[PDB]
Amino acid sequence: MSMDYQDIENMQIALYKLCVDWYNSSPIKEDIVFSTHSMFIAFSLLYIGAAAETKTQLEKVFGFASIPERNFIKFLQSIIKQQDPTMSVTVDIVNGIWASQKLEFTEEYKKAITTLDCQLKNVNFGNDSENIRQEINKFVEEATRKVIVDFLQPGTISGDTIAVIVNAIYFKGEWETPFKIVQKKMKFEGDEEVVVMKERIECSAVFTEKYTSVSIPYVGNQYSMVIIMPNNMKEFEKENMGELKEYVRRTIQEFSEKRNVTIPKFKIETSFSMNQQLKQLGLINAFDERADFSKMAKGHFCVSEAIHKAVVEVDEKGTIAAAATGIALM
């Protein structure tokens, strides 16, 4: 429950690198939401079973080897399980594995998934694929308090499926200072007049040539939404995305001042098939017979489908955010 400071820094670097890399490799353009935190956790469960070049490629994309191997499962526990109380805020991270009754997990793999409190079900994909899809979708719906529905679409799983790894994340926080909806709509650059919300709030904000940022606190001031608004989105995209970690750090470090903050009311939902994007990021062997998951189970397994869905809802009262990541092996 208390990691070395350098190791925390190493994982901050890896998780921001994955976030920016996912953004930079994405095909969906002007409006997008995702949880690379969810992706990391789901793929962490695959990586625990990886060996050889599959292990190395997962390490390259997700940053899993940024910390000692003997602390890997403990780091996962540190991000899945509650460390400090969340108070009024809800943060719920759950994992589930549905494995063919024909799959024999290694002793090491079974121990890790039990240590991580990962739900494990042994199921019959050969005849029950549709029912299993519904069960997984119900699991995600419950974990996300109904925000992520019908996560796995028909066809994602089949009679040839051998395992499905699912991570879900649910976040619910009220703004420390509730916003008031502004009576008049506000012109948003490149868009239209939109409903905005405003209040005099106590917040950290940075005003620089490249961007304006604000950290909008949730009740308790332990979680926040950090908004980074470039002065020129395209230039920022081309040159500054790599220092997202430091722009967040600088924003949180700045003094809080009592100031007016105006932001749009907004909801965003994004779905995608991850496979092609992951290959472009360098995860190649996992998707065919070169896959080496010899630490997971005996046999010859590979990833058929990797799926992500995320939703963020921002209103005058607070934020609800949910995401799921599914990995189906053949």
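Don't overthink the numbering: it's just position in the shown sequence, from 1.
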Legend entry - Of 5-13 and 316-324, the stretch whose C-alpha atoms average the higher B-factor in the entry: 5-13
Legend entry - Segment of higher mean CA temperature factor, 143-151 or 102-110: 102-110
Inset, instruction - Could you tell me which one of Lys74, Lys187, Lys81, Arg249 shows the highest CA temperature factor in the PDB record? - result: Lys81
Legend entry - Given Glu199, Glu174, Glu235, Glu193, the residue at which the Cα B factor reaches its maximum: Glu235
Inset, instruction - Tell me, lowest, middle or highest third: where does the Cα B factor of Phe125 rank within its chain? - result: highest
Inset, instruction - Rank-wise, by C-alpha B-factor, drop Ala291 into the lowest, middle or highest third of its chain. - result: highest
Legend entry - Cα B factor band for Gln277 (lowest, middle or highest third within the chain): lowest
Inset, instruction - Would you check the entry's CA temperature factor for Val226 and let me know if it's in the chain's lowest, middle or highest third? - result: lowest
Legend entry - Relative C-alpha B-factor of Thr212, binned into the chain's lowest, middle or highest third: lowest
